[PDB]
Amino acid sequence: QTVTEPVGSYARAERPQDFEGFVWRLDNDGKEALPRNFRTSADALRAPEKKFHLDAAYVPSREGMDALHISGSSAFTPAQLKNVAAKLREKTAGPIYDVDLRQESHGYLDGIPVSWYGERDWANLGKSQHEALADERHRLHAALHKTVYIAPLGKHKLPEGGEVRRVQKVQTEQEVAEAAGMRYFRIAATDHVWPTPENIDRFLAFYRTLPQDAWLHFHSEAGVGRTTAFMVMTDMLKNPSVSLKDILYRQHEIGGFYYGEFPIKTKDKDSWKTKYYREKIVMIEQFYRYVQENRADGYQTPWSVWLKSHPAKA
């Protein structure tokens, strides 16, 4: 019997036309030297956050963490990114990658990091990566020499204050990454939800081509959901002997999200998120299974293919 949307693909049921972009959102006010939630795999573990009801006494294995060479953060200003790159260059002599996980169209107007925000940050929901990047390219270019309104989100994810300017310079994140001495790689993943099979296939192929000394700096809007997902996936790929529990604990304890089971709770206005949290918990487990069952033969079978013959259970 037909299943319309399998586990891992719940977001496909949502209607993109209901979340179209309406404002240039300020992604970072540029006040700090670094982006928020900045963390590397070299960092010491800290106490787990109370909301996840984890075992504070637990001491996760650090097997492979010194060699892992990844980091994560929120969005950043160009200056903040140069600070990130200088900081990482101290840890490695390999190429440093800015891995941009944002599906939403974003860039820099007069050096100000902005994104084209629709409700739930789903302005590019349902678009292929090709379409998402075309929207981004067109929108950014159309802003040049035009008057724009750039605002942070306040009460209820609506604009609050902000500023108005006639734009004199437009840049993509790629341009800003390269100016900072980083290589650039884009995975257009949708905010709030599990990355698509497409997203993950693209990441995996990318991962297989990296030189051994590559450092991956993942980032999304806040450096939480999407950033932690790919940091976790990378940790599993590179350190397949480490237990799922150790992976989840250690990626949370250096400053990420915890992607295991926990007592979920939402303000009723945030109750749409609940099923996306469960979905992510299940898919993390399914990806761990993929890594275990496909690493012997060197990942001959792509995630998307394997997932269709080995579907996840709600």
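The first residue of the shown sequence is 1; numbering continues from there.
For the segment pair 95 to 103 and 136 to 144, the entry gives 136 to 144 the higher mean B-factor, averaged over Cα atoms. Comparing the deposited coordinates for 77 to 85 and 187 to 195, the stretch with the larger average C-alpha B-factor is 77 to 85. In the deposited coordinates, the residue among 288, 276, 262, 257 with the greatest CA B-factor is 262.
Note on 251, 271, 37, 40: the highest value goes to 271, judged by CA B factor as recorded.
Among all modelled residues in this chain, the alpha-carbon of residue 212 has a temperature factor (C-alpha) in the highest third. Sorting the modelled residues of the chain by their CA temperature factor places residue 241 in the highest third. When the CA B factors of the chain's modelled residues are split into thirds, the value for residue 21 lands in the lowest one.
Sorting the modelled residues of the chain by their CA temperature factor places residue 225 in the lowest third. Remark: residue 10 belongs to the middle third of its chain, ranked by C-alpha B-factor as recorded.
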